[PDB]
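Take a look at this one chain, the form deposited in one PDB entry, written out in structure tokens.
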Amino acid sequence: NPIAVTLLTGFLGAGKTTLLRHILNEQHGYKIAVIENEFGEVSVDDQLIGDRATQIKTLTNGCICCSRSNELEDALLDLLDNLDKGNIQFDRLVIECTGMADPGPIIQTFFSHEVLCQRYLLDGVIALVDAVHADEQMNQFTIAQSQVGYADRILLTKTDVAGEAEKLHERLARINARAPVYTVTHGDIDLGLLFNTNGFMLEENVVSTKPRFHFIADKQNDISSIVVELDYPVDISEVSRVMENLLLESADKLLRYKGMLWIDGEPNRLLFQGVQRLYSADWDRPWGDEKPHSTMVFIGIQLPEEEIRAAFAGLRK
């Protein structure tokens, strides 16, 4: 039981505040620890100060509240210390990273740290997108599109006030072809909608919104999704060389990437996933009766698409 971690991101004033105020105050019964930027008007039972300056507050609803006045690593290690000593219990962790915040470095701290690698397990990146402002936000700040690109589940809110967000909808798809966009048509976001996204597990269903034809529309974005579709099996070492090079050349440009590969002389599909510089792979379920094939998505800034498709194109036998 590593603890499941959710990172809630997206641009300032999208609709998190209603969600946290729910998660913090209501007797929803979940044993959740929230690391948010700053405290605010929630019933505290008690508070704790960890070896690392982490003010860890115990709320009456049984949830745990931290500030982001800390460095992350230390709050995550203080939370664990108090967990293991028995001063707190919690099943889940939601880390707020809204505003200009970059999901990249937070995700990497989860993997690069020896301890938190074992004790925590990232489940997903949830982006909240304000339908009313997202288009301009994205047009002004790269990091508004980055946050969408790093998402496993996009939650689009304020649809009820935005006049024509068919357009936004369809641009969110171009930026991020992996994440489903769920539109919050009526009630609030159920804390449920944040969990179990399996976004950091290997996936055979790699693309959510298969790309269309319009060619000018894509150049609208600095972050985009490049989806590669192969109807041939490849040699395992050849494609290993191609990926390592591809990863080497666009390392500080890639945000996320995932694939399903048809490998030469193997009846079992090959899956891969990565975030910036860190990647993995594993053999996954049998091709059984299905047409074998390959689907990859690479999400990033200013990616050299011509060259990527070229590299995979010449894997032909």
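Each residue number is its position in the shown sequence, starting from 1. Note that the rigid core is defined as the largest set of C-alphas that superpose within 1.5 Å between two forms.
As for the form deposited in another entry, it is not shown, yet the points below apply to it.
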Compare C-alpha positions between this form and the one not shown after fitting on the rigid core and state which of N268, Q47, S69, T60 moves by at least 2 angstroms. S69
Looking in the other form, are the Cα atoms of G104 and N70 closer together or farther apart than here, the change being 3 Å or more? closer
Specify closer or farther for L254 and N70: how their Cα atoms are spaced in the other form versus the shown form, given a shift of 3 angstroms or more. closer
